[PDB]
Amino acid sequence: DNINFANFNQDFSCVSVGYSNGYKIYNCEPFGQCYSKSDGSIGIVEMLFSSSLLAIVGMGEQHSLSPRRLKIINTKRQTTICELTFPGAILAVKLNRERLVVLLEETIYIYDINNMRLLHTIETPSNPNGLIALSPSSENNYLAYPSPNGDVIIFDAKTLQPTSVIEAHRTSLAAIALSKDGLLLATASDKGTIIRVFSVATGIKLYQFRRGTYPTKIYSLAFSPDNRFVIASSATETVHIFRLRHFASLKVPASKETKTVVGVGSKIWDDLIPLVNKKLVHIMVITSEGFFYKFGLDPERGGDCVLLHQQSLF
């Protein structure tokens, strides 16, 4: 394909992948397949941390799979928890320990993941690019989604009330992300010149970073799990690392306008590199072509990140 879909789980410790003939789970550290399952064509396959709970959506209409349907399964018990049938293409599925959120182009569905009770529905301006962020923290259980121009609505998925409207950018968003603890929001507009970081709990703009001079498509934002860094990849295939312009950067070895998703490992590693050992933050890049590139970031010195490993998800 080489792949239909690939995403990190919530703490960047695994990657889930959908293919024309099934889905796989990979551990990031060390890299290797830890689950495989033959099936139909899989469009979305999302994890719940490293539990055995998977959320699965078909790519294309099949007998037992569809883009309009969500299957919640348990890999250990090898059972189906439920299936939910929606009135249109599922653009995104996000999860934490208290909530399941399902995104359609003009509707957000919020579930209690414990009993699968539909808790609340949100009608929205068209979100064809399927932008959404859901806090991995049940204590700070916030949901962020755009409301076009570049407004971001913050929603309290615990109390089911709106919290704030953040005027992130003048034009429509290209990318969005929340921190591990749910408390920081990072944004970029479709112009991708400026990256912003907001306090979710107060709406306060904490940071602002210039990605570059000329506009570009930002594919992906991510926080380090300690809130020390925010990362951004784009169509130029330059990935920038901003420490809360760049403290560090790296170049993804892929053609221009290759879509990427980025993640950062939670631990600092004592990598042996040409010899010295350097304690490095691991930045991971998944390309639409199914390539997995792991770079090492010097949290002290920054600069251009060394490529540590290339893997393949196919």
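- Going by the header, the method for this PDB entry is X-ray crystallography, and the resolution given is 2.000 Å.

With respect to the sheet that holds strand β26 (residues 276–287)
No. 1: Reading across from one edge, β25-β26-β27-β29 is the order of the 4 strands in this open sheet, with antiparallel pairing throughout. Lying at the two open borders of the sheet, with one neighbouring strand each, are β25 (260–273) and β29 (306–312). The sheet shows a mean angle of 25° between the axes of neighbouring strands, taken without regard to direction.
No. 2: As judged from the 11 bridges shared by β25 and β26, these two strands associate in the antiparallel manner. Bridged to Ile 268 within β26 is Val 281.

Structural notes on the pattern of salt bridges
No. 1: Applying the stated criterion across every chain, the model contains 6 salt bridges.
No. 2: Between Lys 94 and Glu 46 there is a salt bridge, with its nearest N and O atoms 2.4 Å apart. Here the residue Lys 94 occupies a position in strand β9 (residues 92–95), and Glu 46 occupies one in strand β5 (residues 42–47), the gap between them amounting to 48 residues.
No. 3: Residue classification places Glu 46 among the buried residues on the basis of a relative accessible area of 5%.

Structural notes on the pairing of strand β3 (residues 22–27)
No. 1: With 6 bridges connecting them, strand β2 (residues 14–19) and β3 associate as antiparallel partners. Its bridge partner lying in β3, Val 15 is registered against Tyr 26.
No. 2: Count of turn residues in the β2/β3 antiparallel hairpin: 2 residues.
No. 3: Summarising the sheet, β3 and strand β4 (residues 32–38) pair through 6 bridges and their orientation is antiparallel. Residue pairing for β4: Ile 25 is matched across the bridge by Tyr 35.

Observations regarding the pairing of strand β14 (residues 142–146)
No. 1: Burial analysis of β14 places 5 of its 5 residues in the buried class, which makes it a mostly covered element.
No. 2: The side-chain alternation of β14 yields two buried faces, one formed by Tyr 142, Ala 144 and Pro 146 and the other by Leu 143 and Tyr 145.
No. 3: Pairing geometry for strand β13 (residues 133–134) and β14, over 2 bridges, is antiparallel. Bridge pairing in β14 places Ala 133 opposite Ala 144.

A closer look at the nonpolar core
One broad rule of soluble globular proteins: the nonpolar side chains tend to lie buried together.
No. 1: The biggest cluster of nonpolar side chains holds 33 residues, and the ones touching the most others in it are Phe 8, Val 15, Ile 241, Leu 297 and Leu 313.
No. 2: Secondary structure elements with two or more residues in this core: β1 (5–8), β2, β22 (229–234), β23 (238–243), β24 (248–251), β25, β26 and β27 (291–297).
No. 3: Aside from chain neighbours lying at most four places away, what touches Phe 8 is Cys 14, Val 15, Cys 28, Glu 46, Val 261, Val 262, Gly 263, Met 284, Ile 286 and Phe 292.
No. 4: The next biggest cluster of nonpolar side chains, apart from the first, holds 32 residues, and it includes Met 47, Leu 65, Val 102 and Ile 113.

A few points about a nonpolar patch on the surface
No. 1: A contiguous nonpolar patch, built from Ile 204, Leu 206 and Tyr 207 and spanning about 260 Å² of accessible area, is present on the exposed surface.
No. 2: Structurally, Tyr 207 can be placed in strand β20 (residues 205–210).
No. 3: Classification of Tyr 207 as partly exposed rests on a relative accessible area of 33%.

Brief notes about the environment of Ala 144
No. 1: Mapped onto the secondary structure, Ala 144 falls in strand β14.
No. 2: A C-alpha to C-alpha distance of 5.9 Å links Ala 144 and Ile 132, two positions 12 residues apart in sequence.
No. 3: Filtering out sequence-adjacent residues up to four positions away, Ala 144 remains in contact with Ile 132, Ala 133, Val 152, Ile 153, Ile 154, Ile 176, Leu 178 and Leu 185.

Notes on the side chain of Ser 66
No. 1: Note on placement: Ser 66 falls in the loop between β6 (53–58) and β7 (69–74).
No. 2: Ignoring any residue separated from it by four or fewer positions in sequence, one finds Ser 66 in contact with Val 57, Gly 58, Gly 60 and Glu 61.

Section: the packing of aromatic side chains
No. 1: Within this structure, the stated rule accounts for 11 aromatic pairs.
No. 2: Pairing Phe 86 with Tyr 111 gives two aromatic rings, centres 6.3 Å apart and planes at 80°, and the pair type is edge-to-face. Residue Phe 86 is found in the loop between β8 (79–85) and β9, and its partner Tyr 111 is found in strand β11 (residues 107–112); the two are separated by 25 residues along the sequence.
No. 3: Since its relative accessible area comes to 7%, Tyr 111 is described here as buried.

Some thoughts on the sheet that holds β3
No. 1: The strand order across the open sheet formed by 4 strands is β1-β2-β3-β4, and the pairing between neighbours is antiparallel. Every interior strand has two partners, whereas the edge strands, β1 and β4, have only one. Direction aside, the axes of adjacent strands within the sheet are offset by 15° on average.

Focus: the layout of surface pockets
No. 1: The volume enclosed by the second largest pocket comes to roughly 150 Å³.
No. 2: What lines the second largest pocket is simply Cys 28, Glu 29, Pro 30, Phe 31, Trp 269, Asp 271, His 282, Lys 294, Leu 308, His 309 and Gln 311.
No. 3: Examining the composition of the lining of the second largest pocket, we find that 3 residues originate from one element, β29, more than from any other.
No. 4: Partitioning the lining of the second largest pocket into residue classes produces 5 nonpolar, 3 polar and 3 charged.

Rules used throughout
Residues numbered from 1 in each chain as written, not as in the entry; some residues may be left out. Heavy atoms only, no water. Residues with missing side-chain atoms left out of burial classes, pairs and counts. Pairing = 2+ DSSP bridges. Helix = DSSP H or I, 4+ residues; strand = E, 2+ residues; numbered from the N terminus. Axes fitted to C-alpha atoms, helices over the stretch in contact; angles between N-to-C directions. Salt bridge = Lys/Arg side-chain N within 4 Å of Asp/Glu carboxyl O. Buried < 20%, exposed > 50% of the residue type's maximum accessible area, 1.4 Å probe, protein only. Core = buried A, V, L, I, M, F, W, Y, C linked by side-chain atoms within 4.5 Å. Contact = heavy atoms within 4.5 Å. Patch = residues over 30% accessible without salt bridge, like charges linked within 9 Å, V, L, I, M, F, W, Y side chains within 5 Å. Areas by Shrake-Rupley, 256 points an atom, 1.4 Å probe, with all protein chains shown as cover. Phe/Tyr/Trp six-rings, centres within 6.5 Å; stacked < 30°, edge-to-face > 60°. 1 Å grid on protein atoms, 1.4 Å probe; cavity = no way out; pocket = protein on both sides within 12 Å on 5 of 7 lines; lining within 4 Å. Points joined across faces, edges and corners; volume = space filled by probe spheres on them. Nonpolar A, V, L, I, M, F, W, Y, C, P; charged D, E, K, R; others polar.

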